[PDB]
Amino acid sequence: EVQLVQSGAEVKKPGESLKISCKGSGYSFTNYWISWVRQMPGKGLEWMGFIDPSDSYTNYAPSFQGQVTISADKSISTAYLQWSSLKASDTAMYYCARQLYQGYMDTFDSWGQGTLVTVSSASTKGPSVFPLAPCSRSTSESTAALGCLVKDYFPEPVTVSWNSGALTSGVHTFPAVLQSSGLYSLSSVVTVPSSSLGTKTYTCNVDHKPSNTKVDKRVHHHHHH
């Protein structure tokens, strides 16, 4: 089967160079043009440009001309996208796609799995984890919400579990937000029986691979401050 496999996610600082790659297989690499497409976080698809691997002819969208370089190594059926100097604004998912001319137009019939590129002046940092618990006398209803606030980490992602994975029902772990500090923050919450609040313990388990850290936090509200 036709297959494009892209290189792994990259976390970079502004000013650094970066070359990412796209390896084709299951077809004659040299016979099909390859396009690169950008997708910024939460946004749509943007065509960047293409290369004809056979003669190395390239073409770029106006906004990308001079900004990036597309190349190919037919020897190894590989296409490349590269920047001399990254900016935070280059943060996005990047796809390579095979072009198949059908119905008298170029179509992108096969896509790589995407390469996430994060560009930030931030440095790797593990999260702080704080409990989310209701004020002592505010739980009126039969069900209550508890949670953990996972703050000030970089880069994404963290993974959050509850009670070592024993608790999965009613858990919502929210998308991270990027703070003005350049660090991420997210919350994970769970709804539980109001009656269990005095009986059962609830602990969030937060793993952050990039910093090699793991933080457990028992959720409660103290009776003095």
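Residues carry their position along the shown sequence, with the first being 1.
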Original post:
On average, are the C-alpha B-factors higher in 186-194 or in 28-36?
Top reply: 28-36
Original post:
Do the C-alpha atoms of 176-184 or of 62-70 have the higher average B factor in the entry?
Top reply: 62-70
**OP:** Go through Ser120, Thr107, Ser138, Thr124 one by one and give the residue whose Cα B-factor in the PDB entry is largest.
**Re:** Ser138
Subject >> Ranked C-alpha temperature factor of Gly44 among modelled chain residues, by third >> reply: middle
**OP:** Divide the modelled residues of the chain into thirds by Cα B-factor and specify which third, lowest, middle or highest, holds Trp162.
**Re:** lowest
Original post:
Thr201's Cα B-factor: lowest, middle or highest third of the chain?
Top reply: middle
Original post:
Sorting the chain's CA B-factors, does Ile76 end up in the lowest, middle or highest third?
Top reply: highest
**OP:** State the tercile, meaning the lowest, middle or highest third, of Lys214 with respect to the CA B-factors recorded for its chain.
**Re:** lowest
